[PDB]
Structure formats: C-alpha cells, structure tokens
Amino acid sequence: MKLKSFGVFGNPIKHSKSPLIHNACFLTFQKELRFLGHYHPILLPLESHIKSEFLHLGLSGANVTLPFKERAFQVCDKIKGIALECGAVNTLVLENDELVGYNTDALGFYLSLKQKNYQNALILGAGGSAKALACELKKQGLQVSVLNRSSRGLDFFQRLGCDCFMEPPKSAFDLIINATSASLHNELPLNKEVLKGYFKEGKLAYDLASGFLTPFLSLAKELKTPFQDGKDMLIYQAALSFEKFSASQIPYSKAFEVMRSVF
Ligand SMILES: O=C(O)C1=C[C@@H](O)[C@@H](O)[C@H](O)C1
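Residue numbers (the authors' numbering): 1 to 263.
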C-alpha cells in the first residue's frame, strides 16, 4: 500500500467539496491505481509560493483554486494542454520530478453547459476562472465580452479576441457569467439595477460558486431568468483532474460516475 498525497490550495479553502469526491475516487480505484491517494484542503497564505509549498508537502498532485490560478500558470515547470491558452492552471501533477500544470476548468465548464445555442456571453471577473471560460467560449464561436472593475488581465483577453469593456456594455447577452469573488463576500458582482437589465434580456445566469444560492443567482431567480450554480462544473473538472492525478489510468467519465453519485 503505497500512499500518495494530494490536495487543493486555496485562500479561502475549507468549504471545499473536492476532498470528499476525490477521496471517494481514491478509495474506489485503489486497485487499478496501485496506490492509495488521500486528498486534503490546504490553506495557502497569499504571500507563500505554490510550487515551493507543493514540493515541501511531498504532494503527487494538487488542485488550485482562487486566487492562485494565474500564479500556478506562472510558476509551473511545464504547462500542458488547454492550460497554455487559459493563462491559468487549476491542476498540478508531479511528472518526472517536474511540476506540470493543467487546466480542467475550461472543459469542466463546457461539459456543465446543457445548451449550445447561446450567441454571446458576458463574463464578469478576470481571475483564472474567467480566463478559462473566455477561452472555452471563444473556442465555441460565441462573441465574448468581459467586464472587470479596472485594468486586470486586459492583455490576456485582448489576445483571445474578447471585447474588454470599462463600463457595463449596453447590450443583451445570452449568457451572464459571474466569475468574480463577490459571492464569497455575500455580494453582487455588479450594481443591482445594471444586473437586472442584463437578466431581463439574457438566457442563463451562471455562477461559479457551488452550494449556497448566491446574491447573483438569487436575483436571477427573482427575475425568473434561468440560472445555474457551479455544482455540475465542479464535478466535471474534478473528474477531469482525477484523470490527471491517475496519470491517465482512470478516464474522467469513470471518475465522474463515482463523483456525481457521492456528491
Ligand atoms: O472548490 C474547489 O475545490 C475547486 C473549485 C474550482 O476552482 C476548481 O478549478 C478546483 O480544481 C477545485
């Protein structure tokens, strides 16, 4: 019984449903994998260092949550897969003593979306989530607009062909995505009257927070606009992460089955 250590770095961190669904899968596939994984939440001080901490804890793999996803992309030894276009890393694997960075948010988000027929999207936020979601939605051929408070990640989104606005675009969007940290603060990501304008005219309000009904989602619910929280995304990207942690031994669709059940 070789033991292998995993975790999720975040700040804040201990509401994470991730250790439960990953340890479920580490328990289930012990025999295929030929080790027992264990997965813990990890409070990472803002002023620490993801790579150094990873090496010091002896981890075989990690997930990375806000606000460290852009930092993870910068400090990895090597970036593979769609991560390269996301400028954000949410999955870390030790491969050949090199810290390798993946992004499973993009495809995780893709798989959570039950409908295809959205023309355009407004993304709120500019962290690693917004970055992966913009990259995924452009890929699908939506028009993507991005609105942050201030000047953050301008160049990244510009270079994808996103329209980066200063003020709220006066325009209808099918898909309104909250990828800010606002729900965490129990806050709306935008002035309320503005958001209501988007909601009266949009097709789906989408919040990355999972579990609790956020101010953003509850206002969409109040206006009767269809809404979706981050639960389905969370299960998909975890499954996809797990496929990485398994060094491609266990395909994400098998992980997803155990994970969705347990959740
Ligand atoms: O709440 C969590 O544990 C996570 C949320 C997302 O940011 C994911 O990208 C991350 O892998 C895990």
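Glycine residues also receive a C-beta, built at the ideal position from the N, C-alpha and C atoms.
**Q.** Cβ-based burial, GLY230 [other Cβ within 10 Å; buried from 16]
**A.** Looking up residue 230 in the sequence shown gives position 230. The residue is buried, with at least 16 neighbouring Cβ atoms inside 10 Å.
Q. CB-CB under 8 Å to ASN23, same chain, minus the five flanking residues each way: which ones, in chain order?
A. Translated into the one-based positions of the sequence shown, residue 23 becomes position 23. Only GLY37, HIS38 and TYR39 meet the Cβ criterion.
Q: Please determine, among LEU84, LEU190 and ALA62, the residue with the shortest C-alpha to C-alpha distance to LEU43.
A: Position 43 of the sequence shown, counting from 1, holds the residue named residue 43. From the listed residues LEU84, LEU190 and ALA62, the smallest Cα separation to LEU43 is found for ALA62.
**Q.** Exercise answer, beta-carbon shell around ligand 1 heavy atoms below 6 Å
**A.** Output, sorted by chain position: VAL8, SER16, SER18, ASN63, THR65, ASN90, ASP105, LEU234, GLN237 and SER241.
(Q) Just verifying my parser: in three-state terms, what is the DSSP assignment at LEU219? (A) Translated into positions along the sequence shown, residue 219 becomes position 219. Judged by DSSP in its simplified three-state form, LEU219 adopts helix.
**Q.** DSSP-derived helix/strand/coil call for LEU46
**A.** For this step, residue 46 is matched to residue 46 along the sequence shown. Correct three-state label for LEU46: coil.
Q: Helix, strand or coil for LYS78, going by three-state DSSP, please let me know.
A: Taking the sequence shown and counting its residues from 1, one reaches residue 78 at position 78. Strand.
Q | Stretch pair the stretch 193 to 203 + the stretch 232 to 240: three plus CB contacts closer than 8 Å | A | Touching, no, given that fewer than three Cβ pairs across the two stretches are closer than 8 Å.
Q: Name the one or two DSSP bridge partners that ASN63 has.
A: Locating residue 63 in the sequence shown gives position 63, where the first residue counts as 1. Here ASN63 is bridged, per DSSP, to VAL8 and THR91.
(Q) Which residue wins for smallest C-alpha separation from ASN148, given the options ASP155, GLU167, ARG159 and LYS114? (A) On the sequence shown, position 148 is the one that residue 148 refers to. Selected option, being the one with the closest Cα: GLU167.
Q. By DSSP, does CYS135 sit in helix, in strand, or in coil?
A. One-based indexing of the sequence shown puts residue 135 at position 135. In this structure, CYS135 counts as helix in the three-state DSSP scheme.
Q: Check whether the Cβ atoms of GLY81 and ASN103 sit closer than 8 Å, and answer yes or no.
A: For the purposes of this step, residue 81 is taken as residue 81 along the sequence shown, with counting starting at 1. For the purposes of this step, residue 103 is taken as residue 103 along the sequence shown, with counting starting at 1. The answer is yes: Cβ separation under 8 Å.
Q) What are the partner residues of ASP207, as DSSP defines its beta bridges? A) Locating residue 207 in the sequence shown gives position 207, counting from the first residue. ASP207 pairs with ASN178.
Q: Give the straight-line distance between the Cα atoms of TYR206 and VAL93, rounded to the nearest whole angstrom.
A: Stepping through the sequence shown from its first residue, residue 206 is reached at position 206. Stepping through the sequence shown from its first residue, residue 93 is reached at position 93. CA-to-CA, the gap between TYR206 and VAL93 works out to about 29 Å.
Q: Take the Cβ of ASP105 as the centre, count every other Cβ of all protein chains shown within 10 Å, and call the residue buried at 16 or more, exposed below.
A: Within the sequence shown, residue 105 is the residue found at index 105, counting from 1. Under this definition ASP105 is a buried residue.
Q. When you compare only the Cα positions, how much space is there between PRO189 and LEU33?
A. As a position in the sequence shown, residue 189 is number 189, starting the count at 1. As a position in the sequence shown, residue 33 is number 33, starting the count at 1. Those two C-alpha atoms are separated by around 42 Å.
(Q) Output needed for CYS162: all residues of its chain with C-beta closer than 6 Å, excluding positions within five of it in sequence on either side, in chain order. (A) The sequence position of residue 162 within the sequence shown is 162, counting from 1. Within the same chain, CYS162 has close Cβ partners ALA134, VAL144 and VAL146.
Q: Answer yes or no: do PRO67 and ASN117 have a C-beta to C-beta separation smaller than 8 Å?
A: In the sequence shown, counting from the first residue as 1, residue 67 sits at position 67. In the sequence shown, counting from the first residue as 1, residue 117 sits at position 117. The Cβ atoms of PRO67 and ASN117 do not sit closer than 8 Å to each other.
Q) From this set, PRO251, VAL89, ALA132 and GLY125, which residue's C-alpha is nearest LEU107's C-alpha? A) Your numbering for residue 107 matches position 107 in the sequence shown. Comparing Cα positions, the closest option is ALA132.
**Q.** CB of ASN178 within 8 Å of CB of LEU142, strictly
**A.** As a working mapping, residue 178 is identified with position 178 in the sequence shown. As a working mapping, residue 142 is identified with position 142 in the sequence shown. Going by beta carbons, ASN178 and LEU142 fall outside the 8 Å limit.
**Q.** Reduced DSSP secondary structure (H/G/I, E/B, other) of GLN140
**A.** Counted from its first residue, the sequence shown places residue 140 at position 140. Residue state for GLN140 is assigned as coil, using DSSP reduced to three classes.
Q. For residue 319, which three-state DSSP category applies?
A. The requested residue 319 does not occur in the structure, where the chain is confined to residues 1 to 263.
Q) Is the beta carbon of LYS138 less than 8 Å from the beta carbon of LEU160? A) Position 138 of the sequence shown, counted from the start, is the residue given in the question as residue 138. Position 160 of the sequence shown, counted from the start, is the residue given in the question as residue 160. Yes. Within cutoff.
Q: Tell me, please, which residues DSSP counts as bridged to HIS40.
A: Taking the first residue of the sequence shown as position 1, residue 40 is located at position 40. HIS40 has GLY7 as its beta-bridge partners, per DSSP.
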